[PDB]
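*Asks:* Enclosed are the sequence and the experimentally obtained structure.
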Amino acid sequence: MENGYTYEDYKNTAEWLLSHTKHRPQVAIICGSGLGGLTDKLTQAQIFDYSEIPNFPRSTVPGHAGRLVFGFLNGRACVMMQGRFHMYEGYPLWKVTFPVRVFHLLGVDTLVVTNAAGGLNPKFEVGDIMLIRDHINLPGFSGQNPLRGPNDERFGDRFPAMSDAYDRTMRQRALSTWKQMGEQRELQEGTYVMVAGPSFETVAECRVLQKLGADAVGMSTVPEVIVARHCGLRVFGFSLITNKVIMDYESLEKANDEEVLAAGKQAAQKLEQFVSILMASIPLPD
Amino acid sequence: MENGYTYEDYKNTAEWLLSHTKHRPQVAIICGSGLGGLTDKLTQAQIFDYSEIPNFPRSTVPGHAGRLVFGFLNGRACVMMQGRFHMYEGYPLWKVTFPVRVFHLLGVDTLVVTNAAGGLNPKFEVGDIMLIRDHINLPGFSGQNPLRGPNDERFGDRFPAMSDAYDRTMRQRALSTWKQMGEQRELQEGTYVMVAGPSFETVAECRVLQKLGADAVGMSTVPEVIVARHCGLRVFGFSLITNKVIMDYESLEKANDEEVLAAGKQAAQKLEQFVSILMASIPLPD
Amino acid sequence: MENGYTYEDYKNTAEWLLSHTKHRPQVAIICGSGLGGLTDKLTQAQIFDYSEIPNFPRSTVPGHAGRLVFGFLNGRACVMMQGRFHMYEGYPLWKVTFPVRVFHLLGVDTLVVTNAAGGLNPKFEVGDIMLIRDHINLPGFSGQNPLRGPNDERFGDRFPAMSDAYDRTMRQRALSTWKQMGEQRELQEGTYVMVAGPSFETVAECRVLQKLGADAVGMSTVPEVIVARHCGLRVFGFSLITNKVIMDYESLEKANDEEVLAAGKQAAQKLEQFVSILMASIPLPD
Ligand SMILES: O=c1[nH]cnc2c([C@@H]3N[C@H](CO)[C@@H](O)[C@H]3O)c[nH]c12
Ligand SMILES: O=c1[nH]cnc2c([C@@H]3N[C@H](CO)[C@@H](O)[C@H]3O)c[nH]c12
Ligand SMILES: O=c1[nH]cnc2c([C@@H]3N[C@H](CO)[C@@H](O)[C@H]3O)c[nH]c12
């Protein structure tokens, strides 16, 4: 196997961009669920469709979406992906994570990723948001790691570490940032596990994941994080718990995608603003 | 990655069939181990080789077999696969599970799958049959899920649920159906875990699988079930425990395929008739 | 999927070799870490680069290395791979394990493999060497098993067993061989788990692996062992624990590849000689 992209394809995509917009972003954001809004919270908004951008993964089947939106979020220069790629759609991971490498070349130095995810910790509840303190990359154990293949020294090392992937500073700020707006639910913290999907977990599987010590489960994110870290970026992210994963044979409920888009609307602005004020914590460039 | 088959390839395979046999099956059965017999228990039997059928995965290396057999089993219209495809043979999962999609288009609305499997629960013994109440789809965690790729809305949703994959009704009937023939061994019930093979588990691996809460382990089935569910079918199945998986370093025994084909002959008719009377439980069409 | 090599490609590579060197090895050794030295400990040393050898996986990117070195180690006819292939580099497993099949055709009947690996057992310490008593083949669970595809009856069975992969005799000799040179650290024994890499584990992942009962973790070896066993070879191996895998969020240390090459030099000769005297235990040919 081999990454389809050549070092220089990344550079070409970046420069293109570096010259079709005045913006120079510092924070990349990958939503999410609605986030929805954040496109409005932005200001100075300049949109591109993925389809216009050299090399950008070709999202394949319409529906899709596919806008890079650059602008300013709470006094930070931002670029946000509305719609992402997933392994379950058929993309090899070096396509799923291509944007991340573009972002680093645009000058970006922090990455914020968010997602919807099923709650595995029985303590959680629908609507909680969970801060990501660590992950379990199950696909990665078997081979599906977006770094598989020859390493490009210009991006990072052959064997990078992930033990510190979720910036401790940013996690503190966020827990602080959240109490100083006081809320009826606390900010949650824990381990995200990625599985590949696209079908949802059985009860026994859900039990496996709890045993492994996962608190939440979803189908993305982890690869983008690994590539972000390989690159140098500072990374921080979290999960809107959109559903309690099932957990015993009694219950007559199942997990669906109605509930995920629905819930994504309950917290539509809860997060819209969370992320937005979070911006003020993220350091600045020298 | 991409499914090699186009929506219309399925339709073409079905129609072909829908016109080379008078039968219209309602129950698909995928054996199994011998089952062997069931070809005889059938009546009105019309055979096809896979090799004659448009698009049917090309089983590759002779030995193989490869007969679709249509007919009547205990007053149900049935179609049965004698010999199946496996991931360990090299087939992508969208080939392994192609027949299942054909069956749905033939009008079939229930699927019965069976297999041989190693016992992980120490309580089980060689010869038991285990009813499948749930699965752990380890390949699926990493990417090897037969639904990976663009979803075809005409078959099912993008994110289907598997928490209820093994029809509770059918499981009751079967446990009942079995006591009303009274036996010296009970019907067993539990979790099937799929691993990809083709080599057999080490002791440490066997220990991993017990810890995860699996009761039996084999190399198939799960994908066909996921595709069956994605499609609407009612699904029910089980495992002939052909061997006790090893479990500690003391023992001087290993797992082989002699014992699997051998044992498959001990229960040759035990199941031959089990499945056969089971037919009478499965509802009917309106 | 399909193995790229044809039965006869193996034969062609072997014969070539069987006629460009006088040596006829009995023991294949796959290092390792430095082992470094063993090239010197050899005598009668005849080197080939992989690049000169028909069919030998093309190591792709220079740096690489790539010497088969034949000769005599402590009165055994040996062939040793300096540098190996890994799944994380992009090679399909049927390339990673190609040499092993060549070795069997050269007449070789034992295989010794060694590697660097992170310690998961808290009892271990940097510098220990761990004897491999068993493995957990996580990639194998999902599909990445070097035997996937049509089986070639001339090498081995379709469904071979791995429960006895690590020769009990050889393990005894080694534990004995080691006490009769008395040391301040004991020889360690346990389970090696393979993960695919190339990035290092998170804390949560490390915790998963302990729970599964792994004592050490690395990114290779297991596939070569499975192919060795499929073939008939006697197999024995171990791990230089080059680093203690991290294990809790407190610690401010990470895993790197400095430490792995460094430590590989601490034990440079500790193992250089261990393997070397080990030679005297391995039986002989009739
Ligand atoms: O319970 C779950 N299991 C796995 N994934 C998801 C998700 C995320 N939501 C999306 C579809 O429900 C999908 O893209 C997935 O990443 C929400 N809940 C769950
Ligand atoms: O102990 C086991 N582990 C994994 N698979 C099997 C099987 C099933 N039997 C077949 C070969 O033994 C194979 O197709 C597999 O699906 C029986 N026992 C075991
Ligand atoms: O803690 C670890 N996790 C996974 N692999 C390794 C290794 C082995 N060392 C090499 C790179 O560090 C790599 O080829 C891997 O197989 C040493 N330590 C660890």
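*Replies:* Happy to help now that I have it. Numbers count the residues shown, from 1 in each chain, chains lettered A, B, ... in the order given. Ligands and ions are numbered 1, 2, ... in the order given.

*Asks:* In contact with the closest residue to ligand 3 within the stretch 1-150 of chain A, which residues?
*Replies:* Going by C-beta to the nearest ligand atom, ligand 3 is nearest to residue A:141 of the stretch 1-150 of chain A, at 10.8 Å. (Each C-beta comes from the backbone N, C-alpha and C, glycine too.) By C-beta atoms under 8 Å, 6 or more residues apart in numbering or on different chains, residue A:141 lies in contact with B:142, C:138, C:139, C:195, C:196, C:205.

*Asks:* next one: residue A:214
*Replies:* A:120, A:136, A:190, A:191, A:192, A:193, C:204.

*Asks:* cutoff 6 Å now
*Replies:* The contact partners of residue A:214, taken as C-beta atoms under 6 Å, 6 or more residues apart in numbering or on different chains, are A:120, A:136, A:191, A:193.

*Asks:* Surely residue A:115 is within a helix?
*Replies:* No. Read with DSSP: H, G, I helix; E, B strand; the rest coil, residue A:115 is strand and lies in no helix.

*Asks:* Verify the stated contact: it with residue A:239.
*Replies:* Yes. Judged on C-beta atoms under 6 Å, residue A:115 makes contact with residue A:239 at a distance of 5.4 Å.

*Asks:* Settle it for me: which of the two has more neighbours?
*Replies:* The residue with more neighbours, out of residue A:115 and residue A:239, is residue A:239; 27 against 24, by other C-beta atoms under 10 Å in any protein chain shown.

*Asks:* neighbours around the spatially closest residue to that one that is not a sequence neighbour, how many?
*Replies:* Distance criterion C-beta to C-beta, 6 or more residues apart in numbering or on different chains; nearest residue to residue A:239, sequence neighbours excluded, is residue A:117 at 4.0 Å. Using other C-beta under 10 Å, residue A:117 has 29 other residues around it.

*Asks:* likewise residue A:172?
*Replies:* Look at residue A:172: counted by other C-beta under 10 Å, it has 11 neighbours.

*Asks:* for it, helix, strand, or coil?
*Replies:* Of the three states, residue A:172 takes helix according to three-state DSSP.

*Asks:* Spatially nearest residue to residue A:227, not counting backbone neighbours?
*Replies:* Spatially, and ignoring its direct neighbours in sequence, residue A:227 is nearest to residue A:97 (4.1 Å; C-beta to C-beta, 6+ apart).

*Asks:* What of residue A:95?
*Replies:* Nearest non-adjacent residue to residue A:95, counting by C-beta to C-beta, 6+ apart: residue A:57, 4.7 Å away.

*Asks:* Might one say that the one you found is in contact with residue A:85?
*Replies:* Yes. Look at residue A:57 against residue A:85 with C-beta under 6 Å: they come within range, at 5.4 Å.

*Asks:* These two: which is more packed in?
*Replies:* The neighbour comparison of residue A:57 against residue A:85 (other C-beta under 10 Å) goes to residue A:85, with 27 against 20.

*Asks:* is it true that the more buried one touches residue A:96?
*Replies:* Yes. Using C-beta under 6 Å, residue A:85 makes contact with residue A:96 at a distance of 4.4 Å.

*Asks:* Can you give me the buried ones in stretch A:250-258?
*Replies:* A:255, A:257 (16 or more other C-beta atoms under 10 Å in any protein chain shown).

*Asks:* Show residues contacting it.
*Replies:* With contacts defined as C-beta under 6 Å, 6+ apart, stretch A:250-258 is touched by A:200, A:243, B:159, B:161, B:163.

*Asks:* Also stretch A:130-140?
*Replies:* A:166, A:187-196, A:214, A:216, A:222, A:237-239, A:241, B:141-143, C:202-205, C:208.

*Asks:* Let's see which of those residues end up in strands.
*Replies:* Residues of those located in strands (DSSP state E): A:188, A:189, A:190, A:191, A:192, A:193, A:194, A:216, A:237, A:238, A:239, A:241.

*Asks:* Grab the nearest non-local neighbour of the first one.
*Replies:* Closest residue to residue A:188 apart from its sequence neighbours, by C-beta to C-beta, 6+ apart: residue A:130 at 4.1 Å.

*Asks:* So what sits opposite that neighbour in the bridge?
*Replies:* Beta-bridge pairing for residue A:130 (DSSP bridges): residue A:188, residue A:239.

*Asks:* Just list the residues touching whichever residue of chain A sits closest to ligand 3, thanks.
*Replies:* Shortest chain A-to-ligand 3 distance, computed as C-beta to the nearest ligand atom: residue-wise this is residue A:159, at 4.6 Å. By C-beta under 6 Å, 6+ apart, the contact list for residue A:159 reads C:198, C:257.

*Asks:* On the three-state scheme, it is what?
*Replies:* coil.

*Asks:* Residue C:9 versus that one, what's the distance?
*Replies:* Residue A:159 is 32 Å from residue C:9, where distance means C-beta to C-beta, to the nearest Å.

*Asks:* Residue A:150 touches residue C:61, doesn't it?
*Replies:* Yes. Residue A:150 is within contact range of residue C:61, at 5.2 Å (criterion: C-beta under 6 Å).

*Asks:* which of these two has more neighbours?
*Replies:* Shown here are residue A:150 and residue C:61; by other C-beta under 10 Å, residue A:150 has more neighbours (13 against 10).

*Asks:* Are we agreed that the more buried one is in a helix?
*Replies:* No. Residue A:150: not assigned to a helix; according to three-state DSSP it is coil.

*Asks:* just checking, residue A:160 touches residue C:201?
*Replies:* No. Judged on C-beta under 6 Å, residue A:160 makes no contact with residue C:201 at a distance of 11.4 Å.

*Asks:* Show me how far stretch A:180-191 is from its chain's centre.
*Replies:* Centroid separation for stretch A:180-191 versus its chain: 19 Å, with C-alpha atoms, centre = their mean, to the nearest Å.
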